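Just below is one structure, and these are the notes that go with it.
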Amino acid sequence: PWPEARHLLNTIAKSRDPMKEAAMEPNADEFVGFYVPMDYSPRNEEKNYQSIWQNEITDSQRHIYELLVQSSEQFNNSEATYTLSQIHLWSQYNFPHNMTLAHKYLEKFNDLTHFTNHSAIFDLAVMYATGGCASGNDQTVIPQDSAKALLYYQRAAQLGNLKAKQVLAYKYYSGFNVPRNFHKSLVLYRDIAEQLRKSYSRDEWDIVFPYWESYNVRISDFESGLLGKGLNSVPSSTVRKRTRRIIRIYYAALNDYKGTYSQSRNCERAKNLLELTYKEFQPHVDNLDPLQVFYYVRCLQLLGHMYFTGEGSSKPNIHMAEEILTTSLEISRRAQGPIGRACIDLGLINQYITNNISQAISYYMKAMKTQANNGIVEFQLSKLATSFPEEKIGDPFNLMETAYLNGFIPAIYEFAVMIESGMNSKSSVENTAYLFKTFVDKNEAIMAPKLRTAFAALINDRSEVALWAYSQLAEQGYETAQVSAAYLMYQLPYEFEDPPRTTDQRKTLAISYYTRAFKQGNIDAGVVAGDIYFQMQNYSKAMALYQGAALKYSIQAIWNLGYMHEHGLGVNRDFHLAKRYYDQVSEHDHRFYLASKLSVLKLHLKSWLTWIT
Ligand SMILES: *[C@@H]1O[C@H](CO)[C@@H](O[C@@H]2O[C@H](CO)[C@@H](O[C@@H]3O[C@H](CO)[C@@H](O)[C@H](O)[C@@H]3O)[C@H](O)[C@H]2NC(C)=O)[C@H](O)[C@H]1NC(C)=O
Ligand SMILES: *[C@@H]1O[C@H](CO)[C@@H](O[C@@H]2O[C@H](CO)[C@@H](O[C@@H]3O[C@H](CO)[C@@H](O)[C@H](O)[C@@H]3O)[C@H](O)[C@H]2NC(C)=O)[C@H](O)[C@H]1NC(C)=O
Ligand SMILES: *[C@@H]1O[C@H](CO)[C@@H](O)[C@H](O)[C@H]1NC(C)=O
Ligand SMILES: *[C@@H]1O[C@H](CO)[C@@H](O)[C@H](O)[C@H]1NC(C)=O
C-alpha cells in the first residue's frame with residue numbers, strides 16, 4: 001500500500017507558498033484588510049467540510065487518500081497514520097483540516113513506540129492544554145488538562161527538543177500556573193543558548209548574521225488596530241520604504257533585496273539590474289544632479305554589501321567589491337554623503353582577508369556614530385580589545401553594553417556570559433535571564449519558523465490552521481502570537497450591530513492570551529479583556545483589570561471606568577470620582593476636550609431630574 005503512495009505524494013507537489021510565487025512575477029503590490037470571520041459556527045464547518053470533500057477534491061486525490069487510510073487500518077504501517085495527522089492538521093497537501101481525527105490518529109502514532117518522537121507528542125500536548133480543539137460532541141472529547149500536557153512537555157525536554165524547554169522556561173518566568181522560580185529558567189535558557197551558538201559557524205557567527213526574514217508582527221495592525229485609530233501604541237509593521245529616473249529604480253531594488261511581508265526576496269534580478277546600472281552610468285559621470293548621485297552611491301553601498309554577501313552568486317567576490325566600493329568612497333569625498341556600510345564591510349574585509357588591523361580601527365571608528373551602526377562595530381572591536389590589550393579603544397564591557405540595547409543579536413550572548421561570569425557583582429540575577437530569552441526569542445528561525453507558515457497559509461484561506469500555529473507559539477513567549485490568535489478568536493464588534501456568536505470555552509482561552517499579552521506590555525489588550533466581561537459577569541474582575549491598565553496611562557480604560565460606575569453594576573453608586581476620571585482624560589490627551597464635558601453634561605442632567613422629586 002504505502003510505497004506506491006510515495007510516488008503519488010511526490011507527484012502532487014504540495015506545501016505551496018504564494019510569496020515565493022510572487023517573488024518573480026510582476027504583481028499587484030496590493031493587499032489589505034483581506035477577510036476574516038467573526039463567528040465560528042462549529043456545526044457549519046462540518047457541512048463545509050462535507051461539501052469540499054465532496055466536490056472540490058479530485059477523484060484521484062480521493063484514490064490516494066483511499067488506501068493509505070484503508071491499508072493502514074487493515075495494516076499496522078504507522079508511517080501513513082503519522083502522515084495523515086500532518087495532512088489533516090496542516091492542510092499540507094490540498095485537503096481540509098479536521099482536528100478530531102487528527103488528534104485521534106496522534107495517539108495511534110504515539111502508542112506505537114510510546115514516548116520516543118518529540119516532534120509529535122508536543123503537538124498534541126498543546127491540544128490538551130487548549131481543550132478547544134480535539135473537541136466536538138462524541139464521547140472522547142475532553143476539556144483542558146494542564147498536568148497531562150505538562151508531563152509531555154517534560155518528556156520532550158527530557159528528550160531534548162528546544163521549544164519545549166523554551167515554553168517551560170517562559171512558564172516559570174511568568175508565573176502562568178506554577179510559581180516564579182527564576183533559577184530553573186536561567187538554567188534551561190543558557191542550555192538552549194549554547195545549543196543555538198553551536199548551530200552556527202565561527203565565521204558566520206563573527207562576520208554576518210544571515211538575515212532571516214521576520215514575521216514577529218502584530219496582526220490587526222494591517223487594519224486600524226486592536227482598537228480604533230490614534231489611541232493605540234507601537235505598530236510593528238515595517239514595509240515598503242519610500243520618500244529623477246533612478247531613484248524609482250533604487251527603492252525598487254531595495255524592496256526586492258528586503259521585501260519582508262508579502263513578497264519573498266532574493267537579489268538575483270535586483271543584482272543583474274544593478275550591475276547593469278554600474279556598467280551604464282560610470283563614463284557618464286559628470287555632476288549629474290547631486291540628488292541623483294546620492295542614490296547612485298547608496299546603491300553602490302548596497303552593491304558592495306552584495307558582492308561581499310554572496311547572494312545570487314555561487315560565491316562572494318571580495319575584489320570587485322573592493323574596487324567598486326572604494327571607488328564609491330572616492331566619490332563620497334565629493335558631496336560628503338553617507339558612507340557607513342562601506343566603511344563597515346571595508347573595515348571588515350581588511351580584518352579577515354588582509355590583516356591591517358590598524359586602518360580597520362580607523363574605519364570602524366570613522367563610522368561608529370553612523371545610524372546604520374546597529375551593534376556590529378562595537379562587537380567587532382571588543383574582540384580585538386580582548387585579543388590585543390591596547391589602550392586606544394577602552395573597555396570591552398562598555399562597548400558590548402552599547403551593542404546590547406541596539407538589537408544586534410550576537411552581542412547578547414557575549415553580553416550575557418560576561419555578566420554571569422562577572423566576579424564584579426553587577427545589578428542582579430534575574431535580569432540575566434531577561435537577556436537569554438531576549439536572545440532566544442529573537443533568533444526566530446530555529447525556534448519559530450512557522451510564522452512564515454501561519455501568515456502564509458492564512459491569506460490564501462483557512463485561518464484555523466494559522467490559529468493553531470499561534471496557539472502553538474502563544475505558549476512560547478511571543479506576544480505577537482497571543483494577540484494574533486486572540487484577534488482571530490474575538491474581533492471587536494462595532495457599537496451598532498451585534499457581538500459575536502461564538503463558544504464560551506473559546507473566550508476562556510482568548511482572555512488568557514490577551515491577559516498574558518497585557519503583562520508583556522500591550523496595554524490595549526487589557527481594555528479588550530474588559531470588553532469581554534461586559535457581556536459576562538465579573539464586573540469586579542474587569543474593574544480590577546481596567547484599573548490595572550489606567551495606572552500605565554491609557555484613556556479608554558478611564559471612560560469605561562466612569563461609565564461602569566455611572567450606569568451598569570457598581571458596588572456603591574457615586575459621581576464625585578467619576579467626573580474626576582472623566583476630566584483627567586482631557587487633562588492628559590488635550591484632544592478629547594469635548595466628550596469629557598459631554599459626559600459631564602449628561603451627568604448633571606441626571607441631577608436636574610433627580611432634584612425634581
Ligand atoms: C471530521 O471527520 C469525521 C470523520 O471521522 C466526520 O464525521 C462524520 O460525522 C457525522 C456526524 O456529524 C457522522 O454521521 C453520519 O451521518 C450519516 C448520514 O448523513 C450516516 O449515514 C452515518 O451512518 C453517520 O451517522 C458520519 O458518519 C461521520 N463520517 C465520518 C467519515 O467520520 C466529520 O464530519 C468531520 N468534521 C469536520 C469538522 O471536518
Ligand atoms: C517522527 O517520525 C517522523 C516520521 O513519522 C520522522 O520523519 C523523519 O524526519 C527526518 C528528518 O528529521 C527525515 O530524514 C530525511 O528524509 C529525507 C526524505 O524525506 C531524506 O532524503 C534525507 O536523507 C533524510 O533521511 C525522515 O525521512 C523522516 N521519516 C519519514 C518516514 O518521513 C521524524 O523525524 C520523527 N521525529 C524526529 C524528531 O525525528
Ligand atoms: C598595510 O600594512 C602594511 C604593513 O603592516 C603597511 O605598510 C601598509 O601601509 C598598510 N596599508 C594600509 C592601506 O593600511
Ligand atoms: C467569573 O470569572 C471566573 C474566573 O475567575 C470564571 O471561572 C467564572 O465562570 C466567571 N463567572 C461569570 C458569571 O462570568
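Simple scheme: letters A, B, ... for chains in C-alpha cells order, numbers from 1 for residues in each chain, numbers from 1 for ligands in the order shown.
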Do you know which residues are within 12 Å of ligand 1 using only C-alpha atoms and all ligand atoms? Can you write them as JSON, numbers by chain? {"A": [40, 41, 42, 43, 44, 45, 46, 47, 48, 49, 50, 51, 52, 53, 54, 66, 69, 85, 88, 89, 91, 95, 96, 97, 98, 99, 100, 101, 102, 103, 104, 105, 133, 134, 135, 136, 137, 138, 464]}
Selection to disk with N, CA, C and O atoms, as a compact mmCIF listing (two decimals), in the first residue's frame:
# COMPACT_ATOMS: atom_id res chain seq x y z
N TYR A 40 -17.74 31.54 14.71
CA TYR A 40 -17.10 30.27 14.39
C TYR A 40 -18.05 29.25 13.79
O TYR A 40 -17.72 28.63 12.77
N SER A 41 -19.22 29.06 14.40
CA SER A 41 -20.26 28.19 13.86
C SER A 41 -19.75 26.75 13.72
O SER A 41 -19.53 26.29 12.60
N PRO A 42 -19.55 26.03 14.83
CA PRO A 42 -18.92 24.70 14.75
C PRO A 42 -19.63 23.73 13.82
O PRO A 42 -18.98 23.05 13.02
N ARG A 43 -20.95 23.68 13.91
CA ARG A 43 -21.71 22.77 13.07
C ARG A 43 -21.77 23.22 11.62
O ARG A 43 -22.24 22.46 10.77
N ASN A 44 -21.28 24.42 11.31
CA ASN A 44 -21.17 24.87 9.93
C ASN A 44 -19.91 24.35 9.26
O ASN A 44 -19.91 24.06 8.06
N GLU A 45 -18.84 24.21 10.03
CA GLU A 45 -17.59 23.72 9.47
C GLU A 45 -17.72 22.27 9.04
O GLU A 45 -17.03 21.83 8.11
N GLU A 46 -18.60 21.52 9.69
CA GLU A 46 -18.76 20.12 9.34
C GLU A 46 -19.41 19.98 7.97
O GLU A 46 -19.01 19.13 7.16
N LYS A 47 -20.42 20.81 7.69
CA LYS A 47 -21.07 20.75 6.39
C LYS A 47 -20.20 21.36 5.30
O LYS A 47 -20.23 20.90 4.16
N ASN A 48 -19.43 22.40 5.63
CA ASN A 48 -18.50 22.94 4.65
C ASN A 48 -17.46 21.90 4.28
O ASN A 48 -17.15 21.69 3.10
N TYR A 49 -16.90 21.24 5.29
CA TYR A 49 -16.00 20.11 5.13
C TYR A 49 -16.63 19.06 4.22
O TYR A 49 -15.98 18.56 3.30
N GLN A 50 -17.90 18.75 4.48
CA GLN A 50 -18.61 17.78 3.65
C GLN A 50 -18.64 18.21 2.20
O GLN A 50 -18.36 17.41 1.30
N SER A 51 -19.00 19.46 1.95
CA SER A 51 -19.10 19.96 0.58
C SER A 51 -17.76 19.89 -0.13
O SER A 51 -17.67 19.39 -1.26
N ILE A 52 -16.71 20.39 0.50
CA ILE A 52 -15.41 20.48 -0.16
C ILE A 52 -14.85 19.09 -0.41
O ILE A 52 -14.33 18.79 -1.49
N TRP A 53 -14.96 18.22 0.59
CA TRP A 53 -14.53 16.84 0.42
C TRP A 53 -15.46 16.05 -0.50
O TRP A 53 -15.13 14.92 -0.87
N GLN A 54 -16.61 16.62 -0.85
CA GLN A 54 -17.47 16.00 -1.85
C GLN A 54 -17.04 16.38 -3.25
O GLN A 54 -16.94 15.52 -4.14
N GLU A 66 -7.53 7.06 -0.41
CA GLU A 66 -8.32 5.85 -0.21
C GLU A 66 -7.60 4.86 0.70
O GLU A 66 -8.09 4.51 1.78
N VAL A 69 -5.11 5.13 4.19
CA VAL A 69 -6.05 5.06 5.33
C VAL A 69 -6.72 3.64 5.33
O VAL A 69 -6.81 2.97 6.38
N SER A 85 -2.12 12.68 10.04
CA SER A 85 -2.23 13.72 11.05
C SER A 85 -1.61 15.01 10.55
O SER A 85 -2.21 16.09 10.67
N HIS A 88 -4.20 16.41 7.83
CA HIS A 88 -5.45 16.97 8.30
C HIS A 88 -5.26 17.94 9.43
O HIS A 88 -6.25 18.40 10.01
N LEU A 89 -4.01 18.26 9.77
CA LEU A 89 -3.73 19.18 10.86
C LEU A 89 -2.98 20.38 10.28
O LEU A 89 -3.13 21.50 10.76
N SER A 91 -2.96 20.80 6.53
CA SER A 91 -3.65 21.05 5.27
C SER A 91 -2.36 21.14 4.40
O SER A 91 -2.29 22.01 3.53
N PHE A 95 -5.99 19.40 0.93
CA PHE A 95 -7.08 18.68 1.70
C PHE A 95 -7.59 19.50 2.96
O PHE A 95 -6.82 20.32 3.47
N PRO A 96 -8.82 19.29 3.45
CA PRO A 96 -9.33 20.02 4.62
C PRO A 96 -8.69 19.54 5.93
O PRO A 96 -8.08 18.48 5.99
N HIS A 97 -8.86 20.35 6.97
CA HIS A 97 -8.39 20.04 8.31
C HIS A 97 -9.56 19.63 9.18
O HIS A 97 -10.67 20.14 9.05
N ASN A 98 -9.29 18.68 10.08
CA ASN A 98 -10.30 18.15 10.97
C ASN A 98 -9.58 17.66 12.21
O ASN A 98 -9.10 16.52 12.24
N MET A 99 -9.51 18.50 13.24
CA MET A 99 -8.67 18.20 14.39
C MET A 99 -9.17 17.01 15.20
O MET A 99 -8.40 16.48 16.02
N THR A 100 -10.40 16.57 14.98
CA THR A 100 -10.93 15.40 15.66
C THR A 100 -10.13 14.16 15.29
O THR A 100 -9.47 13.55 16.14
N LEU A 101 -10.18 13.80 14.02
CA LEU A 101 -9.46 12.63 13.56
C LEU A 101 -7.96 12.81 13.68
O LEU A 101 -7.25 11.86 13.99
N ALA A 102 -7.46 14.03 13.46
CA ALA A 102 -6.03 14.27 13.57
C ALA A 102 -5.54 13.96 14.98
O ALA A 102 -4.61 13.17 15.18
N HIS A 103 -6.20 14.56 15.97
CA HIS A 103 -5.96 14.21 17.36
C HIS A 103 -6.08 12.71 17.56
O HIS A 103 -5.26 12.10 18.26
N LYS A 104 -7.07 12.09 16.93
CA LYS A 104 -7.35 10.68 17.16
C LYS A 104 -6.20 9.80 16.69
O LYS A 104 -5.81 8.85 17.37
N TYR A 105 -5.64 10.11 15.52
CA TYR A 105 -4.54 9.34 15.00
C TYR A 105 -3.23 9.65 15.70
O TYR A 105 -2.31 8.82 15.67
N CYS A 133 -9.79 22.61 20.60
CA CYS A 133 -9.67 21.66 19.51
C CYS A 133 -9.56 20.26 20.09
O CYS A 133 -9.51 20.06 21.30
N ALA A 134 -9.52 19.27 19.19
CA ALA A 134 -9.71 17.87 19.57
C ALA A 134 -10.99 17.71 20.39
O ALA A 134 -11.07 16.92 21.33
N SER A 135 -12.01 18.48 20.02
CA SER A 135 -13.27 18.56 20.73
C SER A 135 -14.42 18.39 19.75
O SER A 135 -14.22 18.29 18.54
N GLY A 136 -15.63 18.36 20.28
CA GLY A 136 -16.79 18.08 19.46
C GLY A 136 -17.98 17.71 20.31
O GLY A 136 -18.34 18.43 21.24
N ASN A 137 -18.59 16.57 19.96
CA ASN A 137 -19.76 16.07 20.66
C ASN A 137 -19.67 14.58 21.00
O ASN A 137 -20.36 14.14 21.92
N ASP A 138 -18.84 13.82 20.29
CA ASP A 138 -18.66 12.41 20.63
C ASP A 138 -18.00 12.27 22.00
O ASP A 138 -17.59 13.25 22.64
N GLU A 464 -7.94 28.68 10.41
CA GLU A 464 -7.92 27.84 11.60
C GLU A 464 -6.57 27.19 11.83
O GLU A 464 -6.21 26.93 12.98
What residues have any atom no more than 9 Å from ligand 2 when counting only C-alpha atoms and all ligand atoms, and can you list them as a PyMOL selection string? chain A and resi 78-83+109+116-120+161
Please extract the residues at most 6 Å from ligand 4, counting only C-alpha atoms and all ligand atoms, and provide them as an MDAnalysis selection string, using the chain letters and residue numbers of this document. chainID A and resid 536:538
Neighbours of ligand 3 within 12 Å, counting only C-alpha atoms and all ligand atoms, as a ChimeraX atom specification? /A:326,346-347,350-351,353-363
Between atom CA of residue A:397 and atom CA of residue A:205, measure the distance and give it in Å to one decimal.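 Distance between the two atoms: 19.4 Å.
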Nearest to residue A:191 by atom-to-atom distance, counting only C-alpha atoms, from A:13, A:523, A:246, A:417: A:417
For residue A:470, which of A:22, A:217, A:403, A:57 is the closest residue, counting only C-alpha atoms?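 With only C-alpha atoms as the atom set, the closest residue is A:217.
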Fewer than 3 positions away in the same chain doesn't count, so skip those; otherwise give me all residues within 12 Å of residue A:254, counting only C-alpha atoms, as a PDB file with N, CA and C atoms, in the first residue's frame.
ATOM      1  N   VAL A 239       7.293  48.071   6.347  1.00  0.00           N
ATOM      2  CA  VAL A 239       7.061  47.602   4.989  1.00  0.00           C
ATOM      3  C   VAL A 239       7.213  48.743   3.994  1.00  0.00           C
ATOM      4  N   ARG A 240       7.833  48.427   2.856  1.00  0.00           N
ATOM      5  CA  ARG A 240       7.726  49.184   1.609  1.00  0.00           C
ATOM      6  C   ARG A 240       8.155  50.645   1.790  1.00  0.00           C
ATOM      7  N   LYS A 241       9.453  50.799   2.025  1.00  0.00           N
ATOM      8  CA  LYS A 241      10.044  52.116   2.212  1.00  0.00           C
ATOM      9  C   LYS A 241       9.842  52.985   0.976  1.00  0.00           C
ATOM     10  N   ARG A 242       9.722  54.293   1.209  1.00  0.00           N
ATOM     11  CA  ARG A 242       9.635  55.287   0.147  1.00  0.00           C
ATOM     12  C   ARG A 242       9.690  56.675   0.771  1.00  0.00           C
ATOM     13  N   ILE A 247      15.926  56.884  -8.932  1.00  0.00           N
ATOM     14  CA  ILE A 247      15.502  56.683  -7.552  1.00  0.00           C
ATOM     15  C   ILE A 247      14.343  55.708  -7.488  1.00  0.00           C
ATOM     16  N   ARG A 248      13.423  55.786  -8.448  1.00  0.00           N
ATOM     17  CA  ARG A 248      12.343  54.812  -8.507  1.00  0.00           C
ATOM     18  C   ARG A 248      12.878  53.422  -8.798  1.00  0.00           C
ATOM     19  N   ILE A 249      14.046  53.338  -9.431  1.00  0.00           N
ATOM     20  CA  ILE A 249      14.737  52.065  -9.552  1.00  0.00           C
ATOM     21  C   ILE A 249      15.382  51.677  -8.230  1.00  0.00           C
ATOM     22  N   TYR A 250      15.977  52.639  -7.525  1.00  0.00           N
ATOM     23  CA  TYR A 250      16.720  52.352  -6.306  1.00  0.00           C
ATOM     24  C   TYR A 250      15.872  51.622  -5.286  1.00  0.00           C
ATOM     25  N   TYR A 251      14.832  52.306  -4.806  1.00  0.00           N
ATOM     26  CA  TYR A 251      13.840  51.683  -3.945  1.00  0.00           C
ATOM     27  C   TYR A 251      13.369  50.364  -4.530  1.00  0.00           C
ATOM     28  N   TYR A 257      15.481  43.510  -2.465  1.00  0.00           N
ATOM     29  CA  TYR A 257      16.511  42.929  -1.621  1.00  0.00           C
ATOM     30  C   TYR A 257      15.999  42.594  -0.235  1.00  0.00           C
ATOM     31  N   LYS A 258      14.990  43.323   0.252  1.00  0.00           N
ATOM     32  CA  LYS A 258      14.448  43.061   1.578  1.00  0.00           C
ATOM     33  C   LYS A 258      12.930  43.170   1.630  1.00  0.00           C
ATOM     34  N   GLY A 259      12.230  42.663   0.625  1.00  0.00           N
ATOM     35  CA  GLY A 259      10.791  42.557   0.732  1.00  0.00           C
ATOM     36  C   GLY A 259      10.461  41.623   1.869  1.00  0.00           C
ATOM     37  N   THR A 260       9.723  42.101   2.869  1.00  0.00           N
ATOM     38  CA  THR A 260       9.654  41.409   4.151  1.00  0.00           C
ATOM     39  C   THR A 260       8.374  40.598   4.314  1.00  0.00           C
ATOM     40  N   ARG A 265      11.988  37.582  -1.079  1.00  0.00           N
ATOM     41  CA  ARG A 265      13.085  38.325  -1.680  1.00  0.00           C
ATOM     42  C   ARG A 265      14.154  37.377  -2.182  1.00  0.00           C
ATOM     43  N   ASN A 266      14.911  37.847  -3.167  1.00  0.00           N
ATOM     44  CA  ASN A 266      16.286  37.420  -3.396  1.00  0.00           C
ATOM     45  C   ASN A 266      16.862  38.364  -4.437  1.00  0.00           C
ATOM     46  N   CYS A 267      18.188  38.410  -4.506  1.00  0.00           N
ATOM     47  CA  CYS A 267      18.836  39.567  -5.107  1.00  0.00           C
ATOM     48  C   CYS A 267      18.911  39.478  -6.624  1.00  0.00           C
ATOM     49  N   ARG A 269      17.594  39.163  -9.670  1.00  0.00           N
ATOM     50  CA  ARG A 269      17.117  40.097 -10.679  1.00  0.00           C
ATOM     51  C   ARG A 269      17.475  41.520 -10.281  1.00  0.00           C
ATOM     52  N   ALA A 270      17.386  41.824  -8.986  1.00  0.00           N
ATOM     53  CA  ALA A 270      17.877  43.101  -8.489  1.00  0.00           C
ATOM     54  C   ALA A 270      19.366  43.254  -8.752  1.00  0.00           C
ATOM     55  N   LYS A 271      20.121  42.169  -8.622  1.00  0.00           N
ATOM     56  CA  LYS A 271      21.562  42.253  -8.797  1.00  0.00           C
ATOM     57  C   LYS A 271      21.906  42.542 -10.246  1.00  0.00           C
ATOM     58  N   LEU A 273      20.054  43.730 -12.538  1.00  0.00           N
ATOM     59  CA  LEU A 273      19.618  45.101 -12.730  1.00  0.00           C
ATOM     60  C   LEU A 273      20.669  46.082 -12.267  1.00  0.00           C
ATOM     61  N   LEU A 274      21.250  45.832 -11.108  1.00  0.00           N
ATOM     62  CA  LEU A 274      22.131  46.814 -10.508  1.00  0.00           C
ATOM     63  C   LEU A 274      23.426  46.934 -11.304  1.00  0.00           C
ATOM     64  N   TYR A 295      21.610  58.780  -4.534  1.00  0.00           N
ATOM     65  CA  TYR A 295      21.036  57.447  -4.589  1.00  0.00           C
ATOM     66  C   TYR A 295      21.910  56.497  -5.392  1.00  0.00           C
ATOM     67  N   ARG A 298      24.422  55.318  -2.898  1.00  0.00           N
ATOM     68  CA  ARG A 298      23.757  54.445  -1.941  1.00  0.00           C
ATOM     69  C   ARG A 298      23.565  53.057  -2.529  1.00  0.00           C
ATOM     70  N   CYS A 299      23.224  52.985  -3.814  1.00  0.00           N
ATOM     71  CA  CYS A 299      23.103  51.672  -4.424  1.00  0.00           C
ATOM     72  C   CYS A 299      24.471  51.024  -4.556  1.00  0.00           C
ATOM     73  N   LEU A 300      25.530  51.832  -4.570  1.00  0.00           N
ATOM     74  CA  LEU A 300      26.873  51.270  -4.554  1.00  0.00           C
ATOM     75  C   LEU A 300      27.175  50.632  -3.207  1.00  0.00           C
ATOM     76  N   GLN A 301      26.809  51.310  -2.116  1.00  0.00           N
ATOM     77  CA  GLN A 301      26.930  50.729  -0.780  1.00  0.00           C
ATOM     78  C   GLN A 301      26.271  49.363  -0.736  1.00  0.00           C
ATOM     79  N   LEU A 302      24.983  49.341  -1.088  1.00  0.00           N
ATOM     80  CA  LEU A 302      24.228  48.107  -1.245  1.00  0.00           C
ATOM     81  C   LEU A 302      24.997  47.069  -2.040  1.00  0.00           C
ATOM     82  N   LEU A 303      25.505  47.490  -3.192  1.00  0.00           N
ATOM     83  CA  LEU A 303      26.116  46.574  -4.138  1.00  0.00           C
ATOM     84  C   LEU A 303      27.340  45.900  -3.548  1.00  0.00           C
ATOM     85  N   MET A 306      26.575  43.380  -1.387  1.00  0.00           N
ATOM     86  CA  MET A 306      26.017  42.213  -2.051  1.00  0.00           C
ATOM     87  C   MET A 306      27.103  41.299  -2.599  1.00  0.00           C
TER      88      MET A 306
END
Using DSSP on the backbone coordinates, identify all residues within stretch 196-312 of chain A classified as alpha helix (DSSP H); present the result as a ChimeraX atom specification. /A:196-199,202-207,245-257,268-281,290-309
Counting only C-alpha atoms, the residue of A:433, A:291, A:545, A:525 that sits nearest residue A:226: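 Looking only at the distances to residue A:226, the closest residue turns out to be A:525.
Reported to one decimal place, the separation of atom CA of residue A:340 from atom CA of residue A:366 is 8.5 Å.
Taking atom CA of residue A:542 and atom CA of residue A:506 as the two end points, the separation is 18.2 Å.
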Please provide as a ChimeraX atom specification all residues within 12 Å of residue A:477, with the sequence filter that same-chain residues fewer than 6 positions apart are discarded (counting only C-alpha atoms). /A:163-174,176,216,434,437-442,444,447-448,470-471,483,513,516-517,519-520
Ranking A:514, A:539, A:563, A:35 by minimum distance to residue A:478 and counting only C-alpha atoms, which one comes first? A:514
Selected residue of minimal separation from residue A:150 among A:600, A:129, A:344, A:510, counting only C-alpha atoms: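 Closest residue, counting only C-alpha atoms: A:129.
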Quick one: residues within 12 Å of residue A:452, only C-alpha atoms counted, chain neighbours fewer than 4 positions away excluded, as a PyMOL selection string? chain A and resi 16-20+212-217+260-264+444-445+448+456-459+466+469-470
Mind writing the picked residues with N, CA, C and O atoms as a short mmCIF file (atom, residue, chain, number, x, y, z; two decimals), in the first residue's frame?
data_model
loop_
_atom_site.label_atom_id
_atom_site.label_comp_id
_atom_site.auth_asym_id
_atom_site.auth_seq_id
_atom_site.Cartn_x
_atom_site.Cartn_y
_atom_site.Cartn_z
N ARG A 16 2.43 24.54 -0.63
CA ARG A 16 2.58 25.69 -1.50
C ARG A 16 2.68 26.98 -0.71
O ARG A 16 2.01 27.16 0.32
N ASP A 17 3.52 27.90 -1.19
CA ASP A 17 3.68 29.25 -0.69
C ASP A 17 3.35 30.26 -1.78
O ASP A 17 3.83 30.11 -2.91
N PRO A 18 2.54 31.30 -1.51
CA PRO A 18 2.30 32.31 -2.54
C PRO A 18 3.38 33.36 -2.68
O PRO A 18 3.59 33.89 -3.77
N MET A 19 4.07 33.71 -1.59
CA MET A 19 5.05 34.78 -1.69
C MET A 19 6.21 34.38 -2.58
O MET A 19 6.75 35.23 -3.30
N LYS A 20 6.60 33.12 -2.54
CA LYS A 20 7.58 32.63 -3.50
C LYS A 20 7.06 32.75 -4.92
O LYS A 20 7.83 33.01 -5.85
N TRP A 212 17.56 36.23 8.38
CA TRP A 212 16.30 35.50 8.29
C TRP A 212 15.15 36.49 8.38
O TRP A 212 15.14 37.38 9.23
N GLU A 213 14.18 36.31 7.50
CA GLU A 213 13.15 37.31 7.27
C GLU A 213 12.10 37.22 8.36
O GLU A 213 11.69 36.12 8.74
N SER A 214 11.66 38.37 8.85
CA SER A 214 10.96 38.46 10.12
C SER A 214 9.46 38.59 9.92
O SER A 214 9.00 39.27 9.00
N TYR A 215 8.72 37.94 10.81
CA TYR A 215 7.27 37.98 10.82
C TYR A 215 6.71 38.13 12.23
O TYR A 215 5.50 38.02 12.41
N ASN A 216 7.55 38.43 13.22
CA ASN A 216 7.04 38.62 14.57
C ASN A 216 6.29 39.94 14.67
O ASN A 216 6.68 40.83 15.43
N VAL A 217 5.19 40.06 13.94
CA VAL A 217 4.48 41.31 13.77
C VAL A 217 3.05 41.11 14.23
O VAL A 217 2.49 40.02 14.11
N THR A 260 9.72 42.10 2.87
CA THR A 260 9.65 41.41 4.15
C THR A 260 8.37 40.60 4.31
O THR A 260 8.44 39.46 4.78
N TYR A 261 7.21 41.15 3.94
CA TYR A 261 5.94 40.57 4.38
C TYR A 261 5.26 39.71 3.32
O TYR A 261 5.04 38.52 3.53
N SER A 262 4.94 40.31 2.19
CA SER A 262 4.02 39.70 1.23
C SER A 262 4.68 39.32 -0.08
O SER A 262 3.98 38.86 -0.98
N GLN A 263 5.98 39.54 -0.23
CA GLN A 263 6.69 39.03 -1.39
C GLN A 263 8.09 38.63 -0.97
O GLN A 263 8.86 39.44 -0.43
N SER A 264 8.39 37.35 -1.16
CA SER A 264 9.70 36.81 -0.87
C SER A 264 10.78 37.57 -1.62
O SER A 264 10.50 38.16 -2.67
N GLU A 444 14.69 33.17 16.07
CA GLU A 444 13.41 33.22 15.36
C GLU A 444 13.31 32.31 14.15
O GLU A 444 12.22 32.16 13.59
N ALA A 445 14.40 31.65 13.76
CA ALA A 445 14.39 30.75 12.62
C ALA A 445 14.47 29.30 13.05
O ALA A 445 13.72 28.46 12.56
N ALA A 448 11.10 29.48 15.73
CA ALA A 448 9.78 29.90 15.28
C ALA A 448 9.75 30.16 13.79
O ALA A 448 9.47 31.27 13.34
N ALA A 456 1.27 32.78 5.98
CA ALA A 456 1.11 32.40 4.58
C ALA A 456 -0.18 31.62 4.39
O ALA A 456 -1.10 32.07 3.71
N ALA A 457 -0.30 30.50 5.08
CA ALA A 457 -1.48 29.67 4.97
C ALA A 457 -2.72 30.30 5.58
O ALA A 457 -3.75 29.64 5.65
N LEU A 458 -2.63 31.55 6.04
CA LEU A 458 -3.83 32.31 6.33
C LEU A 458 -4.36 32.98 5.07
O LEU A 458 -5.55 32.83 4.75
N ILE A 459 -3.51 33.70 4.36
CA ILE A 459 -4.02 34.70 3.42
C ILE A 459 -4.71 34.05 2.25
O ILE A 459 -5.65 34.61 1.68
N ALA A 466 -3.55 28.48 10.92
CA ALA A 466 -2.77 29.57 11.49
C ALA A 466 -3.12 29.76 12.94
O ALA A 466 -2.25 29.97 13.79
N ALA A 469 -1.33 27.47 14.86
CA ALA A 469 0.10 27.77 14.94
C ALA A 469 0.37 28.82 15.99
O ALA A 469 1.24 28.65 16.86
N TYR A 470 -0.37 29.92 15.95
CA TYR A 470 -0.28 30.90 17.02
C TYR A 470 -0.67 30.29 18.35
O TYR A 470 -0.16 30.69 19.39
#
